[PDB]
Amino acid sequence: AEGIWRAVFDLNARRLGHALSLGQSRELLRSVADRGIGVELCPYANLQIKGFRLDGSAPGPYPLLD
Amino acid sequence: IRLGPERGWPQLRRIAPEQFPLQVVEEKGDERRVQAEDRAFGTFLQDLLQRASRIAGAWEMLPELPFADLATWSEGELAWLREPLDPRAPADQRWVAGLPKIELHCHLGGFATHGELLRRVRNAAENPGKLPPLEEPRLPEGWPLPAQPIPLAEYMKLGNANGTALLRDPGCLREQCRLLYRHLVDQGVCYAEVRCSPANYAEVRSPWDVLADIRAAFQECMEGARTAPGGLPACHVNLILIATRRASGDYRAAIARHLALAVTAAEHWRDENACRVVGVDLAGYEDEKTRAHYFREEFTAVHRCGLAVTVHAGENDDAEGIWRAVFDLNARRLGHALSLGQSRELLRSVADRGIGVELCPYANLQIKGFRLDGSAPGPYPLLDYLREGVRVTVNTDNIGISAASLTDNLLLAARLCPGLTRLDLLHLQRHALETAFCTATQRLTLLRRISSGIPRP
Amino acid sequence: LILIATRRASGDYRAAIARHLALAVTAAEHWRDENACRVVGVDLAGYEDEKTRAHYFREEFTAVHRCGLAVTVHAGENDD
Amino acid sequence: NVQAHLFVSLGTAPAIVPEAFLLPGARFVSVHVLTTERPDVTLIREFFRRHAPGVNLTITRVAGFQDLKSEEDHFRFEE
Ligand SMILES: [Zn+2]
């Protein structure tokens with residue numbers, strides 16, 4: 001999440017791509033939610049690169065619902 | 001002859017007979033004579049169908065309405081909503097006074113500086129012997145609408161009877177908080193954020209104690225007034241701590257003290273339905289040497305801990321200070337950004353990023369001077385900001401020093417920019433709702449409360 | 001009392017450092033009786049290496065230096 | 001399978017409620033009749049007593065409506 005924090009607060013980014021580790025820092029997630037910064041996810045690419053469980057069967061759970 | 005089935009209206013399909021009962025005059029076996037006390041159900045049905053018809057009539061341009069309940073208005077009222085506001089008509093004054101309001105720029109130390117309020121605050125001290133001798137600075141002629149502008153030094157000196165000279169006594173501070181809350185409730189405000197400098201009032205007590213006393217006083221005031229539906233306080237108050245910057249002297253240790261205190265207090269109190277510290281403010285003397293990018297390493301901790309930041313910028317500076325505040329300090333709101341129109345790219349950036357702007361008509365008129373009734377500082381930029389898409393709001397700044405309220409501020413805003421409409425006032429209220437520092441649930445509740453509280457013509 | 005700011009090899013640790021520094025400043029301002037328990041400084045301990053040296057935390061301790069609070073540092077245990 | 005209540009209004013001509021009770025396909029229960037002060041309901045009562053015991057007929061009258069001259073009594077009838 002350090003890279004995400006630096007992108008948000010040092011480069012003034014308006015959208016974030018593949019921010020899969022945003023949930024590690026609660027304060028940064030709260031800030032992103034409050035400021036309205038967009039997050040972009042690519043299900044197939046994330047599954048093929050990081051690996052993710054299907055049908056609820058260790059990367060962890062996929063953070064879309066959270 | 002079978003005509004067919006029917007569906008009916010959803011809120012009349014089941015209903016209840018206890019609400020509209022029948023009265024039995026006399027009854028024999030399986031035969032009755034009945035009577036109705038009044039015609040309540042007729043009015044119920046008539047206004048239900050009228051509301052449905054009006055909603056059907058106004059279904060398009062519903063995304064463009066600031067609030068949904070405006071779709072239940074008739075054609076004549078909707079046409080009246082688009083006409084320019086007339087500050088001199090008593091009806092418009094009453095309509096503005098009746099609106100629910102949201103306040104975002106209000107200093108605690110500049111509320112009771114003259115008149116009976118100062119005396120009431122003074123006659124609450126725990127140690128009357130230590131009270132400074134009573135004196136009231138003399139206001140310029142025609143003070144609420146002065147003929148000539150005055151610099152910031154005299155404006156700040158105009159409130160010397162209250163503030164740091166009076167708020168060291170706990171009783172005076174507590175009475176100040178109660179009176180401010182009473183005034184806010186009387187004005188019809190439903191949500192407000194109050195700025196304060198607790199460390200300025202600490203001489204034998206710690207700043208933590210002063211802030212705790214202020215928060216406790218506001219919380220008790222909120223507890224007392226459980227009017228409004230759902231058992232919620234009539235007005236909700238949140239806190240913002242001020243970091244003051246000065247031309248010369250010792251002022252930079254106090255800034256760090258306020259930021260550390262704000263972070264600790266924000267982490268301390270976390271109940272959603274209670275008074276909380278929700279941000280920090282960078283205010284005071286502004287010039288080239290004290291621009292926002294010289295305090296970045298002090299605000300890095302606030303950015304790490306996740307607090308919102310608002311910056312005083314553009315009052316006595318060009319657009320460079322605004323740019324530095326926006327891009328180097330990561331500010332979420334801007335105060336007195338009167339020079340934003342000098343740069344088109346900065347205006348586009350502010351509009352696109354959703355950064356809020358807060359204006360105080362009376363203070364701006366008193367300090368810079370502006371033409372009234374459309375008769376050099378230039379035109380007042382409210383209409384330009386509305387047309388360009390900026391999230392702009394109208395506030396009061398110092399109530400006591402400027403001797404005006406939020407209703408007077410809105411009316412004077414109408415006077416400064418001829419052609420301003422009432423739909424523009426509703427848009428301003430919506431902008432203040434969308435820019436406020438609060439949770440999503442509180443925002444939704446405030447939206448629902450404001451939508452169903454706008455008075456009819 | 002002295003309050004610790006812990007640095008780690010990887011993860012989320014800077015927010016905790018800022019939290020601890022702010023809490024230390026506020027607590028040192030709160031209790032001031034000479035003949036009583038008091039907070040008298042801050043510490044920079046935890047994982048140390050080339051990338052986590054002292055000069056990477058100057059902007060966080062500028063506030064501590066403004067408020068006039070003592071500082072102690074864990075250094076030299078596993079570094080030149 | 002539903003209870004299928006019937007609601008009917010009656011004028012000065014009886015033998016309409018007995019007719020409407022015989023809907024080809026409905027098993028009516030608890031027939032309700034709304035009428036004014038003047039008209040007679042003996043025929044309906046005798047019909048439901050002799051041809052349909054378990055239907056618990058009920059009859060309702062409007063207290064002060066026997067003839068209409070102005071619009072006032074129509075509104076009370078509607079309410
Ligand atoms: Zn201000």
# chains A, B, ... in the order shown; residues from 1 in each chain; ligands from 1
call {"tool": "interface_residues", "arguments": {"of": "chain A", "to": "chain C", "cutoff": "10 Å", "atoms": "only C-alpha atoms", "output": "PyMOL selection string"}}
result
chain A and resi 1-2+24-28
call {"tool": "closest_atom_pairs", "arguments": {"of": "chain B", "to": "ligand 1", "cutoff": "9 Å", "atoms": "only C-alpha atoms and all ligand atoms", "output": "Markdown table"}}
result
| residue | atom | partner | partner_atom_place_in_ligand_line | distance |
| --- | --- | --- | --- | --- |
| B:105 | CA | ligand 1 | 1 (Zn) | 6.4 |
| B:106 | CA | ligand 1 | 1 (Zn) | 7.1 |
| B:107 | CA | ligand 1 | 1 (Zn) | 6.6 |
| B:195 | CA | ligand 1 | 1 (Zn) | 8.3 |
| B:281 | CA | ligand 1 | 1 (Zn) | 8.8 |
| B:283 | CA | ligand 1 | 1 (Zn) | 6.7 |
| B:284 | CA | ligand 1 | 1 (Zn) | 8.2 |
| B:312 | CA | ligand 1 | 1 (Zn) | 6.8 |
| B:335 | CA | ligand 1 | 1 (Zn) | 6.9 |
| B:336 | CA | ligand 1 | 1 (Zn) | 8.1 |
| B:397 | CA | ligand 1 | 1 (Zn) | 5.6 |
| B:398 | CA | ligand 1 | 1 (Zn) | 7.6 |
call {"tool": "interface_residues", "arguments": {"of": "chain B", "to": "chain A", "cutoff": "12 Å", "atoms": "only C-alpha atoms", "output": "MDAnalysis selection string"}}
result
chainID B and resid 267 296 299:309 326:333 349 352:356 434:440
call {"tool": "write_last_selection", "arguments": {"atoms": "C-alpha atoms", "output": "compact mmCIF listing (two decimals), in the first residue's frame"}}
result
# COMPACT_ATOMS: atom_id res chain seq x y z
CA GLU B 267 -8.62 9.18 17.13
CA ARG B 296 4.19 20.48 3.77
CA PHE B 299 1.10 18.28 7.33
CA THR B 300 2.66 14.99 6.20
CA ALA B 301 1.60 13.45 9.53
CA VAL B 302 -1.99 14.65 9.09
CA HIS B 303 -1.99 13.15 5.60
CA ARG B 304 -0.61 9.88 7.00
CA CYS B 305 -3.31 9.66 9.68
CA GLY B 306 -6.12 10.49 7.24
CA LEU B 307 -7.61 13.84 8.23
CA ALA B 308 -9.22 16.42 5.97
CA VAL B 309 -7.49 19.75 5.32
CA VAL B 326 -4.39 22.59 -4.03
CA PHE B 327 -1.41 20.64 -5.36
CA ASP B 328 1.23 20.77 -2.59
CA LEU B 329 -0.91 20.55 0.56
CA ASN B 330 -3.68 18.31 -0.88
CA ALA B 331 -6.42 20.61 0.40
CA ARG B 332 -10.04 19.48 0.17
CA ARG B 333 -11.69 22.89 0.66
CA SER B 349 -8.73 21.59 -12.16
CA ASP B 352 -12.98 18.64 -12.13
CA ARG B 353 -11.55 17.49 -8.79
CA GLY B 354 -14.64 18.53 -6.82
CA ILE B 355 -12.77 20.82 -4.41
CA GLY B 356 -15.15 23.07 -2.49
CA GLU B 434 -21.87 17.33 -0.94
CA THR B 435 -18.74 19.13 0.33
CA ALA B 436 -19.24 18.57 4.08
CA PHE B 437 -16.86 16.41 6.15
CA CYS B 438 -19.19 13.64 7.31
CA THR B 439 -19.99 9.97 6.85
CA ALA B 440 -22.14 8.64 4.01
call {"tool": "interface_residues", "arguments": {"of": "chain D", "to": "chain B", "cutoff": "9 Å", "atoms": "only C-alpha atoms", "output": "ChimeraX atom specification"}}
result
/D:37,56-64,75-76,78-79
call {"tool": "interface_residues", "arguments": {"of": "chain B", "to": "chain C", "cutoff": "7 Å", "atoms": "only C-alpha atoms", "output": "VMD selection string"}}
result
chain B and resid 206 208 253 256 260 to 261 263 to 264 297 to 298 301 304 to 305
call {"tool": "atom_distance", "arguments": {"atom1": "CA of residue 41 in chain A", "atom2": "CA of residue 19 in chain A"}}
result
7.6 Å
call {"tool": "residues_around", "arguments": {"residues": "residue 221 in chain B", "least_positions_apart": "2", "cutoff": "9 Å", "atoms": "only C-alpha atoms", "output": "list in words"}}
result
residues 177, 178, 181, 182, 216, 217, 218, 219, 223, 224, 225 and 233 of chain B
call {"tool": "residues_around", "arguments": {"residues": "residue 6 in chain C", "least_positions_apart": "2", "cutoff": "7 Å", "atoms": "only C-alpha atoms", "output": "mmCIF file with N, CA, C and O atoms, in the first residue's frame"}}
result
data_model
loop_
_atom_site.group_PDB
_atom_site.id
_atom_site.type_symbol
_atom_site.label_atom_id
_atom_site.label_comp_id
_atom_site.auth_asym_id
_atom_site.auth_seq_id
_atom_site.Cartn_x
_atom_site.Cartn_y
_atom_site.Cartn_z
ATOM 1 N N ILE C 4 7.567 4.575 21.881
ATOM 2 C CA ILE C 4 8.344 3.938 20.823
ATOM 3 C C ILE C 4 7.660 4.154 19.480
ATOM 4 O O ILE C 4 6.439 4.003 19.359
ATOM 5 N N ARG C 8 9.410 -1.153 10.339
ATOM 6 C CA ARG C 8 9.396 -2.543 9.910
ATOM 7 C C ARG C 8 9.939 -2.667 8.493
ATOM 8 O O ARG C 8 9.982 -1.697 7.731
ATOM 9 N N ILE C 17 3.751 5.417 13.395
ATOM 10 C CA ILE C 17 4.810 6.312 13.858
ATOM 11 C C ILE C 17 4.266 7.720 14.068
ATOM 12 O O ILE C 17 4.526 8.362 15.095
ATOM 13 N N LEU C 44 13.060 5.748 18.345
ATOM 14 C CA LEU C 44 12.977 5.228 16.981
ATOM 15 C C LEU C 44 13.666 3.868 16.963
ATOM 16 O O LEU C 44 14.885 3.784 16.793
ATOM 17 N N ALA C 45 12.887 2.808 17.135
ATOM 18 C CA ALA C 45 13.400 1.447 17.208
ATOM 19 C C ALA C 45 12.736 0.586 16.139
ATOM 20 O O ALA C 45 11.884 1.045 15.374
ATOM 21 N N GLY C 46 13.140 -0.684 16.093
ATOM 22 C CA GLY C 46 12.582 -1.642 15.162
ATOM 23 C C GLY C 46 13.624 -2.132 14.170
ATOM 24 O O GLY C 46 14.827 -2.141 14.459
#
call {"tool": "residues_around", "arguments": {"residues": "residue 21 in chain D", "least_positions_apart": "6", "cutoff": "10 Å", "atoms": "only C-alpha atoms", "output": "PyMOL selection string"}}
result
chain D and resi 6-8+27-29+31+48
call {"tool": "atom_distance", "arguments": {"atom1": "CA of residue 86 in chain B", "atom2": "CA of residue 74 in chain B"}}
result
21.2 Å
call {"tool": "select_by_dssp", "arguments": {"residues": "range 10-71 of chain D", "states": "helix (DSSP H, G or I)", "output": "CSV table (one decimal) with N, CA, C and O atoms, in the first residue's frame"}}
result
chain,number,residue,atom,x,y,z
D,17,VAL,N,-79.5,-7.9,-6.4
D,17,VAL,CA,-78.5,-8.6,-5.5
D,17,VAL,C,-78.6,-10.1,-5.7
D,17,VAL,O,-77.6,-10.8,-5.8
D,18,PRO,N,-79.8,-10.7,-5.6
D,18,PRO,CA,-79.9,-12.2,-5.9
D,18,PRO,C,-79.4,-12.5,-7.3
D,18,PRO,O,-78.8,-13.6,-7.4
D,19,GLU,N,-79.6,-11.7,-8.3
D,19,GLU,CA,-79.1,-12.0,-9.6
D,19,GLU,C,-77.6,-12.0,-9.6
D,19,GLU,O,-76.9,-13.0,-10.0
D,20,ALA,N,-77.0,-10.9,-9.1
D,20,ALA,CA,-75.5,-10.7,-9.1
D,20,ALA,C,-74.8,-11.8,-8.2
D,20,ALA,O,-73.6,-12.0,-8.4
D,21,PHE,N,-75.5,-12.3,-7.3
D,21,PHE,CA,-75.0,-13.4,-6.5
D,21,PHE,C,-74.7,-14.6,-7.3
D,21,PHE,O,-73.7,-15.4,-7.0
D,42,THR,N,-86.5,-6.8,2.1
D,42,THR,CA,-87.1,-8.1,2.6
D,42,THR,C,-86.9,-9.2,1.6
D,42,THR,O,-86.6,-10.4,2.0
D,43,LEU,N,-87.0,-8.9,0.3
D,43,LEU,CA,-86.8,-9.9,-0.8
D,43,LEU,C,-85.4,-10.5,-0.7
D,43,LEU,O,-85.2,-11.8,-0.8
D,44,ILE,N,-84.4,-9.7,-0.6
D,44,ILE,CA,-83.0,-10.2,-0.5
D,44,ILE,C,-82.8,-11.0,0.7
D,44,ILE,O,-82.2,-12.1,0.6
D,45,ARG,N,-83.3,-10.6,1.8
D,45,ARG,CA,-83.2,-11.4,3.1
D,45,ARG,C,-83.8,-12.8,2.9
D,45,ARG,O,-83.3,-13.8,3.3
D,46,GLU,N,-85.0,-12.8,2.4
D,46,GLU,CA,-85.7,-14.1,2.2
D,46,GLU,C,-85.0,-15.0,1.2
D,46,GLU,O,-84.9,-16.2,1.4
D,47,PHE,N,-84.4,-14.4,0.1
D,47,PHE,CA,-83.7,-15.2,-0.8
D,47,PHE,C,-82.5,-15.8,-0.1
D,47,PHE,O,-82.2,-17.0,-0.3
D,48,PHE,N,-81.7,-15.0,0.6
D,48,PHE,CA,-80.5,-15.6,1.2
D,48,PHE,C,-80.8,-16.5,2.4
D,48,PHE,O,-80.0,-17.3,2.8
D,49,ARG,N,-82.0,-16.4,3.0
D,49,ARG,CA,-82.4,-17.3,4.0
D,49,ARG,C,-82.9,-18.6,3.5
D,49,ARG,O,-82.6,-19.7,4.1
D,50,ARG,N,-83.5,-18.6,2.3
D,50,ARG,CA,-84.1,-19.9,1.8
D,50,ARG,C,-83.2,-20.6,0.8
D,50,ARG,O,-83.3,-21.8,0.6
D,51,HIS,N,-82.3,-19.9,0.1
D,51,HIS,CA,-81.5,-20.5,-0.9
D,51,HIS,C,-80.0,-20.6,-0.6
D,51,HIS,O,-79.2,-21.2,-1.3
call {"tool": "atom_distance", "arguments": {"atom1": "CA of residue 158 in chain B", "atom2": "CA of residue 295 in chain B"}}
result
29.0 Å
call {"tool": "residues_around", "arguments": {"residues": "residue 152 in chain B", "least_positions_apart": "4", "cutoff": "10 Å", "atoms": "only C-alpha atoms", "output": "tab-separated table (two decimals) with N, CA, C and O atoms, in the first residue's frame"}}
result
chain	number	residue	atom	x	y	z
B	156	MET	N	-9.58	42.49	12.41
B	156	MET	CA	-9.28	41.60	13.53
B	156	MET	C	-9.33	42.34	14.86
B	156	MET	O	-9.78	41.79	15.87
B	157	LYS	N	-8.87	43.60	14.88
B	157	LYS	CA	-8.90	44.38	16.11
B	157	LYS	C	-10.32	44.73	16.54
B	157	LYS	O	-10.54	45.03	17.71
B	158	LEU	N	-11.28	44.69	15.62
B	158	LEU	CA	-12.67	45.00	15.95
B	158	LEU	C	-13.28	44.01	16.93
B	158	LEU	O	-14.33	44.31	17.52
B	285	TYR	N	-2.29	35.19	8.76
B	285	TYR	CA	-1.69	36.14	7.84
B	285	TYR	C	-1.11	35.42	6.63
B	285	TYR	O	-0.41	34.41	6.78
B	316	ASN	N	-5.83	37.46	0.00
B	316	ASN	CA	-4.86	38.53	-0.21
B	316	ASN	C	-3.66	38.01	-1.00
B	316	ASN	O	-2.51	38.31	-0.71
B	366	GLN	N	-16.77	43.91	3.20
B	366	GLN	CA	-16.18	44.81	4.19
B	366	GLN	C	-14.67	44.96	4.00
B	366	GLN	O	-14.12	46.02	4.32
B	367	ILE	N	-14.00	43.94	3.48
B	367	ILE	CA	-12.54	43.96	3.35
B	367	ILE	C	-12.10	44.42	1.97
B	367	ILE	O	-11.20	45.25	1.85
B	368	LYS	N	-12.71	43.89	0.91
B	368	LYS	CA	-12.31	44.25	-0.44
B	368	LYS	C	-13.15	45.36	-1.05
B	368	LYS	O	-12.64	46.14	-1.86
call {"tool": "residues_around", "arguments": {"residues": "residue 62 in chain B", "least_positions_apart": "6", "cutoff": "9 Å", "atoms": "only C-alpha atoms", "output": "ChimeraX atom specification"}}
result
/B:68,70-71
